[PDB]
Amino acid sequence: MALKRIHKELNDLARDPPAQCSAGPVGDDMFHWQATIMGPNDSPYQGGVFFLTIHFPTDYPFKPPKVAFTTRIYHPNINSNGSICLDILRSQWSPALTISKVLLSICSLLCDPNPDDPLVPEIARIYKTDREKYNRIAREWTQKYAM
Amino acid sequence: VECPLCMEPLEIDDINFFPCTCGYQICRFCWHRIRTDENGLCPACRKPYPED
Ligand SMILES: [Zn+2]
Ligand SMILES: [Zn+2]
C-alpha cells in the first residue's frame, strides 16, 4: 500500500545510491533506516562509515521523518546525541518527499555547515566564531570514528 | 508506473487522475491518504488540493 516506499527506497539507494548518501541495511525496525553518509572533499569530512538512523512514523510519506544520527560525527548541525534537523523538514513539509531529497539535504549541509545552532549550540558556535577551530577537530573526529 | 507517494504501482485509469495540474499524478490509493492525516496538500507545492 504505502509501506513499500520504505523498502523500495531502501533498495533503490542501495544499488545506485545518490551523492554521498547510501542506503542498504535496516535498523532495529523497518521504519528505522540505517543509512550511511560520506563526507565531501571541500570540507573536513571523510567517507568512512557514518550511520544515520532515520525513524519514519506510520505516515512516513506524509509526516516529517525523525532523523537521528547513530554515529557521533563532529558536525555543527549534527549534535553528539544524534540530533540532526533538516531545514526543509522544519515546520512540516510537502506530504510525500523521497528520502533521496532528505538525504541530499544532509550532503549539502556537509559542504560548509550552517551557523544556526540546533539542540546544542557548542558545535555551531565554534564554527561561527572560527573555521579552523572546528576544522581541526572535524577531520580528527571523523577519522577516530571511522571504523 | 509507480506513484512516488508510496512507491507502489498505479491503475490504467489512474494515470489521468491528478489532484493537481502540476503534472503530479498519483493513484487514488495515495491521494485519499493525504486527505486523511495531512491537510491534503501537494507533495511538491505545499498548496491545498482543489480536489474534494
Ligand atoms: Zn499508491
Ligand atoms: Zn501542485
# chains A, B, ... in the order shown; residues from 1 in each chain; ligands from 1

call {"tool": "residues_near_ligand", "arguments": {"ligand": "ligand 2", "cutoff": "7 Å", "atoms": "only C-alpha atoms and all ligand atoms", "output": "NGL selection string"}}
result
:B and (20-22 or 24 or 42 or 44-45 or 47)

call {"tool": "interface_residues", "arguments": {"of": "chain B", "to": "chain A", "cutoff": "9 Å", "atoms": "only C-alpha atoms", "output": "list in words"}}
result
residues 4, 5, 6, 7, 8, 29, 30, 33, 34, 37, 38, 39, 40, 41, 42, 43, 44, 45, 46 and 47 of chain B

call {"tool": "write_last_selection", "arguments": {"atoms": "C-alpha atoms", "output": "tab-separated table (two decimals), in the first residue's frame"}}
result
chain	number	residue	atom	x	y	z
B	4	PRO	CA	6.33	8.30	-5.72
B	5	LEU	CA	3.86	8.81	-2.88
B	6	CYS	CA	4.14	5.19	-1.76
B	7	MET	CA	6.44	3.65	-4.39
B	8	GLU	CA	3.56	1.39	-5.42
B	29	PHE	CA	-4.94	4.89	-3.04
B	30	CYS	CA	-2.49	7.70	-2.29
B	33	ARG	CA	-4.35	9.23	2.41
B	34	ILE	CA	-3.15	12.83	2.03
B	37	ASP	CA	-3.65	12.65	8.09
B	38	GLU	CA	-2.38	15.58	6.06
B	39	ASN	CA	-4.10	18.85	5.11
B	40	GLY	CA	-4.44	17.49	1.59
B	41	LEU	CA	-1.52	19.41	0.14
B	42	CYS	CA	0.59	18.92	-2.97
B	43	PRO	CA	3.74	16.83	-2.11
B	44	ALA	CA	5.75	19.25	-4.24
B	45	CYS	CA	3.87	22.53	-3.71
B	46	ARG	CA	2.57	22.56	-0.09
B	47	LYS	CA	-0.61	24.05	-1.57

call {"tool": "residues_around", "arguments": {"residues": "residue 19 (chain A)", "least_positions_apart": "6", "cutoff": "9 Å", "atoms": "only C-alpha atoms", "output": "list in words"}}
result
residues 37, 38, 104 and 107 of chain A

call {"tool": "closest_residue", "arguments": {"among": "B:14, B:9, B:32, B:49", "to": "ligand 1", "atoms": "only C-alpha atoms and all ligand atoms"}}
result
B:9

call {"tool": "closest_residue", "arguments": {"among": "B:27, B:1, B:48, B:19", "to": "ligand 1", "atoms": "only C-alpha atoms and all ligand atoms"}}
result
B:27
